[PDB]
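FYI, it's all coordinate maths here, none of it is from the lab. Cβ sites come from the backbone with ideal geometry, for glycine too, and all protein chains shown count toward neighbours.
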Amino acid sequence: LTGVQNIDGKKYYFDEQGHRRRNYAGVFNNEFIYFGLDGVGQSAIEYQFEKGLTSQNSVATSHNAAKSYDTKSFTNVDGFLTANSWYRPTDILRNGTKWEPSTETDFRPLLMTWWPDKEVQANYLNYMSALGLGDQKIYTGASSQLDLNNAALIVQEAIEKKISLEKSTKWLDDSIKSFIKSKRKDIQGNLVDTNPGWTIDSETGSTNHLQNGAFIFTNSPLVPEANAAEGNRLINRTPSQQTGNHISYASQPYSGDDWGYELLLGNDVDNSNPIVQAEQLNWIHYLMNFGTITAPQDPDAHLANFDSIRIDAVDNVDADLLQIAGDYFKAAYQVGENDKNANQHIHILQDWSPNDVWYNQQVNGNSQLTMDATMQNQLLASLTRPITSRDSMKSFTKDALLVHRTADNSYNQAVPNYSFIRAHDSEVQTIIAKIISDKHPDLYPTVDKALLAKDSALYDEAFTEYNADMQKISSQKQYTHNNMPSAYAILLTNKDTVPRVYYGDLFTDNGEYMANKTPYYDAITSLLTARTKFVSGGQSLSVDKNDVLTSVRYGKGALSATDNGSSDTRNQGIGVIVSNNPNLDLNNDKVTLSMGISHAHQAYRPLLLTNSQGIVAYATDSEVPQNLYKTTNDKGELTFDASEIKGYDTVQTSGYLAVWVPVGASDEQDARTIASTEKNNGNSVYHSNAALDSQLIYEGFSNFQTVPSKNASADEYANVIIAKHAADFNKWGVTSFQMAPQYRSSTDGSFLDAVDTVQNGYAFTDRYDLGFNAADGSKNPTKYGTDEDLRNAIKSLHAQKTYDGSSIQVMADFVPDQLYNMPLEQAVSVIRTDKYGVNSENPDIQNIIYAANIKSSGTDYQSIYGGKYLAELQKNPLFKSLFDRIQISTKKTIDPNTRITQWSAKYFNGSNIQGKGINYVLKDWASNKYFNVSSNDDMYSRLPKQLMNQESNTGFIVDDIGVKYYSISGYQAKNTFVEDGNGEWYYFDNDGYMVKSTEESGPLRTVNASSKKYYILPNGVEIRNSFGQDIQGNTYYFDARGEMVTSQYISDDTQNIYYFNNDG
Ligand SMILES: OC[C@H]1O[C@H](OC[C@H]2O[C@H](OC[C@H]3O[C@H](OC[C@H]4O[C@H](O)[C@H](O)[C@@H](O)[C@@H]4O)[C@H](O)[C@@H](O)[C@@H]3O)[C@H](O)[C@@H](O)[C@@H]2O)[C@H](O)[C@@H](O)[C@@H]1O
Ligand SMILES: [Ca+2]
């Protein structure tokens, strides 16, 4: 059978293929039929909407009309209304039994007396009915307007009685907010959001962001105060892309890739805005003078200042900031003059992209130290990986390493760098999340998915496993790093690098600060003090035929194996042996430590050695038994037998580790070198040399440190423990103490940093608040301590003095990228995007108005200190070059003339998706304009006419000329689409009349001079997800938006494909 058929008094269409069709329109045997989803024909002549209007004027609309139309009587966001708007009516139905004038505090939720369409009204009624206040009747969007209105009166009676009983409306804010986010069962049987336009479910777009979605803020004439200047909101200005275009600075062996992207986390700060760039400078000046600024009455306030900064998230922010900072330290502390001044202020980059190393060198001029990621990645791959996945030791002599150490024999050649093995983030968090995954596949089956979980009970569980696996032998380490002391032994003996030690190597990553040691503490703290006494001179790496790494330092004064050295050489210069093979069987093969010829016929003793029991550590010459002493031959070589070196499997080593030092060193002996005072002509601020290698960084925190409970004793707080243990860090050779960010944390759980169990300080609302006491004067700390406790930690570290007589530096975590959890809402124009700022191309969310949490309180410490010192600094001659500098990305100078005391949306690139819902800002569907109460401009819609006690009618009205529609608010449809409760779409033209196709002008129609073609029946029904037949017999398809498809193949329900060409 083909064509039109009556099967059981019902019309069906069978195509020319014989297939029964659904969602097909056409003129068949001179009759216009629409085969709906059923596959059943409906008459495309007969109107499908209930004809008629109902007045929204009631006996009660005179009373429930707003007393004042002005902002006073409406809660609002910059004049706009949201679903959580409350308003003051003229009268209150007090206790459900009398109309009384409203007082100044008699506000009620807008949603008690007005809804944006009938379906929301229906759902509200059934929900308030679930709480016992509403009627049993179960009204739907299908039920009549008049019934819904009367039911809202019965609900209102019940609300008012409850309010009179409580003498409070707080319970109603609670219940309406819960209604707005409510879920319900459906026909499918799955839970769905009741009100999708008011939840994250409507915020659909790209998932490529840490928080599953992003907005870019853009300008729009509806919102004057959130609009940025022209040439601001620059995106993705990484060091590689700072100019506007990617630039590889890398040469033949090395990569010049960029892994950056602007929108990382939170609310994204526009660091391309010159006023923001000035406020970033002001914040650095505040940190570098924190003591003198916060405790002016303390005579020692000048000892409680920070000395250096680490730049955080370098790949995510405008790279102009690196120059701004590098200028400040030249202006303030003359770091450009010589190594002596440079090395007193050691800054570091979190520069993960391979190109950044070379950007830093060529453009940056080394104002901050790059990380050696090639060293980190190689130490991990060759030793820490379990046996299956492990690289050969021979990889340490490869070409792709940043600093070749096989033949390093000179100063001022290597790129100045810091190298490390682990970070608060790097190689800690990922391991925990994998444990969560391997224990709970039901919640997070893929490893990446496990990262994101915030449950306190999930971390506690994952950590008892993590801690237990760290105690296991290397062959049974399922998650923890193997060979950790072997890695630290290479790192701490290497030349031309500033090593950084992670807190969580020495201590447990979780629990009380400094309270529990790792299995590695003895090995690593031995190496740290030994570095101070022996590690100096040139270096060489080798690997013998058995893959045994031998790293040698020749001692101060000697730069190669054939160098005779100075008087300092003899008792300096360590040698290290590492194997990564648990079954190493040397047999007849010999391992050789070739110390220098400067070290011929010389007694050596062990610092570290591997047993089956673990690693033995000898702290002095006299702790070594005399048979373990070994003397070098005439060439300066030590030789080892299978009786000494074999494969091991302990907690601390897969393979072998040994460290040998020359006998007879004094206790006065320090291997470190004083910084040069000679003037530096070079582009770089730092130089890789003996004085710089004398430095060492200690990352003094972990994410998963337990957070001192509300009534914690004074000595749980980490900054107090730091002050106690100040001498221990100096003993370890620490010259730069990298503290945690000290900023008051968010507790909201938008991210892992924002979790109340681990409030690390990277998630903050008020950058200037380092734990100042509360308003009442009660002590109110951060995770680490009060402002007092911080100032005292800084003084204790400053009181410690290193080998050159200078203080131990204290480093601030400089975090310019984002702000979290801002208190006030602002209207903003948004586009849905991914993390790169690429338009996710959602039609519904293009330049729409959103109520974003994006405005600071204006009573915070930002409001006190923000831009405060820019007036002072501009007047200082030393800072002239900073303020006159043309920045790379902006091509303008910094703008210190405006102060930022309240953050506003105009200073942000964008934000993560906040889950308010697209239609959270309220809007009349007929006029398609937003409500605004602060303005009577024509771009905004006036209040719904009922609320201003005017005549108001809603529904469809047939007329001698055509069909008009009025919304629930009482306004006429003009130049919009309108969905009926039946599910059908219609369109209304400029004249305010429904578009209907005619015999003379067929169903395929452009409507809005938009070049977009739709299919409209004689009903006025605009068909969607459907096929449309022409009078000529041509067939077109119309997508989910109703738009005609062109040059494209459409797939069908039954897997049938039709490919429609351009225009037809
Ligand atoms: O202030 C916000 C945060 O600041 C710090 O973190 C900043 C950086 O966070 C991430 O970097 C961590 C990540 O870096 C490397 O990831 C390697 C990946 O590189 C590519 O994409 C590659 O193609 C991938 O295969 C590979 O996985 C490290 O090796 C890894 O260990 C680290 O986890 C961002 O990605 C960076 O762009 C940011 O600059 C601070 O640590 C955070 O806690 C703060 O919240
Ligand atoms: Ca940014």
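The label-point distance for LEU452 and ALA714, in a model that sets each label 7 Å from Cα toward Cβ, rounds to 4.5 nm.
For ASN932, the residues whose modelled amide H falls within less than 5 Å of its own, excluding neighbours fewer than 5 places apart on the same chain, are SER941. The ranking of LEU943, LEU349 from fewest to most other beta carbons within 10 Å of each one's beta carbon is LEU943, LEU349. Here the Karplus relation 6.51 cos²θ - 1.76 cosθ + 1.60, evaluated at θ = phi - 60°, turns the backbone of segment 56-68 into coupling constants of 7, 6, 10, 4, 7, 6, 5, 7, 7, 4, 4, 4, 9 Hz, with x for every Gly and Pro. Segment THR218..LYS779, full-extension length gain: 197.8 nm, with 0.36 nm per residue of separation and the alpha-carbon distance subtracted. What the Cα atoms of the chain give is an Rg and a Dmax of 36.1, 117 Å.
Send over the per residue convex hull volume for segment 552-592, Cα only, as a whole number of Å³.
91 Å³
In this structure, the amide hydrogen of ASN271, modeled 1.01 Å from its nitrogen in the peptide plane, lies closer than 5 angstrom to those of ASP318, counting only residues at least 5 positions away or on a different chain.
By the compact-protein rule of thumb, 2.2 N^0.38 Å, the alpha-carbon radius of gyration of segment 180-321 corresponds to a ratio of 1.54.
Couplings for segment 585-598, taken from phi via the Karplus curve 6.51 cos²θ - 1.76 cosθ + 1.60 with θ = phi - 60°, read 10, 5, 6, 7, 5, 10, 8, 10, 8, 7, 5, x, 4, 4 Hz in order; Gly and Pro are left as x. Remark: the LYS98-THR430 segment gains 113.2 nm on full extension, using 0.36 nm per residue and subtracting the alpha carbon distance. A straight Cα-to-Cα reach below 28 Å connects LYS533 with the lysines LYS340, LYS495, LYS517, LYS556, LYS630, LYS635, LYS724, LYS731, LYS795, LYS801, residues fewer than 8 places away in its own chain not being considered. With the simple spin-label model, which puts each label point 7 Å out from Cα in the Cβ direction, the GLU668 to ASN338 separation comes to 2.5 nm. Binning the C-alpha pair distances of segment 626-715 at 10 Å intervals from 0 yields a P(r) profile of 9, 19, 22, 26, 18, 5, 1 %, listed from the shortest bin outward. The residues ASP38, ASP960, when put in order of fewest to most other Cβ atoms within 10 Å, stand as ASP960, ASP38. For the pair segment 429-508 and segment 36-98, the centres of their Cα atoms are 57 angstrom apart. Look at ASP1063, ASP989 and count the other Cβ atoms within 10 Å of each Cβ; fewest to most, that gives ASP1063, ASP989. In units of the compact-protein estimate 2.2 N^0.38 Å, segment 784-849 shows a Cα radius of gyration of 2.11. Working from label points 7 Å from Cα in the Cα-to-Cβ sense, the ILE138 to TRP259 distance is 5.6 nm. Solvent-free Debye calculation, one equal scatterer per alpha-carbon of segment 933-1020: log10 I(q)/I(0) at 0.11, 0.15 Å⁻¹ equals -0.38, -0.66. Other residues within the sphere of radius under 14 Å centred on the Cβ of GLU951, judged by their own Cβ, net out at +2 (K and R +1, D and E -1).
Calculated over segment 975-1025, the projected area of the Cα convex hull averaged across directions stands at 3.8 nm². Residues whose amide H comes within less than 5 Å of that of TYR604, counting only those at least five positions distant or on another chain, are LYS630, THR631, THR632, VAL663 (H built at 1.01 Å from N in the peptide plane). Taking 0.36 nm per residue of separation and subtracting the current Cα-Cα distance, fully stretching the chain between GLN252 and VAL40 would add 69.4 nm. When the Cα convex hull of segment 480-635 is projected onto planes of every orientation, the mean area is 10.8 nm². Given segment 837-966 reduced to its alpha-carbon atoms as identical point scatterers, what log10 I(q)/I(0) does the Debye formula return at q = 0.10, 0.16, 0.19 Å⁻¹? Result of the Debye calculation: -0.64, -1.07, -1.21. With the gyration tensor restricted to C-alpha atoms of segment 79-207, the semi-axes of the equivalent ellipsoid amount to 27, 18, 13 Å, longest first. Measuring between their Cα centroids, segment 1042-1064 and segment 305-363 lie 56 Å from each other. Between the C-alpha center of segment 179-222 and that of segment 935-987 there is a gap of 26 Å. Sequentially through segment 602-613, phi angles give Karplus couplings (6.51, -1.76, 1.60; θ = phi - 60°) of 9, 6, 10, 9, x, 8, 10, 9, 9, 9, 4, 5 Hz, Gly and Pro residues having no value and appearing as x. Helical runs assigned H by DSSP (4 residues or longer) give the chain a calculated mean residue ellipticity at 222 nm of -5500 deg cm²/dmol, each run adding -39500 (n - 2.57) before division by the residue total.
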